[PDB]
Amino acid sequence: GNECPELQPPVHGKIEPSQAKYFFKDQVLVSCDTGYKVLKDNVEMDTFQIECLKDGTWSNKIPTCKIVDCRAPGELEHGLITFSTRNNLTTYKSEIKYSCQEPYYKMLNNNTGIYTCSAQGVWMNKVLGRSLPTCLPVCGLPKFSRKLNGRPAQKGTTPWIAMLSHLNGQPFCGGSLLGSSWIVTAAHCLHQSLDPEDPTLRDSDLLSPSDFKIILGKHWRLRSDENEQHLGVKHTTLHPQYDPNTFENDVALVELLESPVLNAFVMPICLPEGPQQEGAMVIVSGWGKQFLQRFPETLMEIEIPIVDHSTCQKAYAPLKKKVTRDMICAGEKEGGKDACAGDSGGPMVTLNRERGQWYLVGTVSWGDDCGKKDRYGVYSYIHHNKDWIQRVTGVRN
């Protein structure tokens, strides 16, 4: 030998140790700059080692430096990936952009959604870092308009209402879609009538996810739509302080087994962000006979004002029925037939201007027999238990 030829550092790389002349048994590591790695026969490596042989030749040839590949970006549920070039580059320094599926979803915290391929082969966002953005369900924004009591509801104007039916489709309660997977309803909808001689709620009384289903995007009471989504039930949670005899905290939460596809006919209703006032106008909807002579063919609605707590209590006091602070009343005049509005668990909503958003004020309560509640319509004051609901479902407006 015994000297080996001068070595050429690869592009975007280097060689160590850097000697003026190399002689037998000398060794060198070939490495690459930040964002690049050594490429030897399609195997990536931090360094590759060469040595000077006795005959004066190097053990191998200088490999090359290949740019790092962040590979395929993480999937954003309800979101979209938009590359910053027509070639969809997933390599070092390249960028992509996450966008939520408008208008049915919006990005949480309005994160830029921009991710860059880092030197360590990971897509990184300035704020979240490695974590992906969150696409939230847009609530209370109906896509169909209102033509402008008692009256059949216009198709598409109540995309949040849920029908709690038997496995065959027979309704027995109402409900509202919250977030992506939750149905808020009345606690007394989720258990069989208790024994008058032993009025205590027990687990066997509760009905199971196998006993009923949820139907969304439904307009006709008995007829079928193409918009109807029949979903199975996963689990149910009645309010911890639900009293089936006084109907205190008569609110419950149904976790759907599979989530509905959000569209022009199926969207969640917004949670309350503040208490309601006396005289405030609300809308109550349902499929029951309600204030009608006979059962309707389509969903029904009625715009009625809120009644101040006190006046309600006073009207029910002579009947030994205590209207608790977790309850809200509505209607026009006591015994005015509009105290029978809605189905148990059904929604009571109102408009938040100029937010142009609808939100849930209460759920129909005190049972499905209006004779036992003819003074005023009593509902589970959602505002009162917003914390528990938000705590359990993890839902945000």
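We number the residues from 1 along the sequence you see.
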Exercise for the section: Report, from the record, the number of residues in the deposited sequence between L148 and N149 that have no coordinates, as none, 1 to 3, 4 to 9, or 10 or more. Expected result: 4 to 9
Problem - Residue range whose averaged C-alpha B-factor is higher in the record, 301 to 309 or 174 to 182 - result: 301 to 309
Exercise for the section: Look up the CA B-factors in the entry and say which stretch, 273 to 281 or 242 to 250, has the higher mean. Expected result: 273 to 281
Problem - Candidate set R294, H78, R221, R130 [ranked by C-alpha B-factor, highest] - result: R294
Exercise for the section: Kindly indicate the residue among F265, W287, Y316, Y104 with the greatest C-alpha B-factor in the PDB record. Expected result: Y316
Problem - CA B-factor ranking of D205, expressed as a third of its chain - result: highest
Practice task
Tell me, lowest, middle or highest third: where does the Cα B factor of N87 rank within its chain?
Solution key: highest
Practice task
Divide the modelled residues of the chain into thirds by Cα B-factor and specify which third, lowest, middle or highest, holds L136.
Solution key: lowest
Exercise for the section: Select lowest, middle or highest to describe the third in which the CA B-factor of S344 falls within its chain in this entry. Expected result: lowest
Handout entry: Chain thirds of CA B-factor: placement of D33
Key = middle
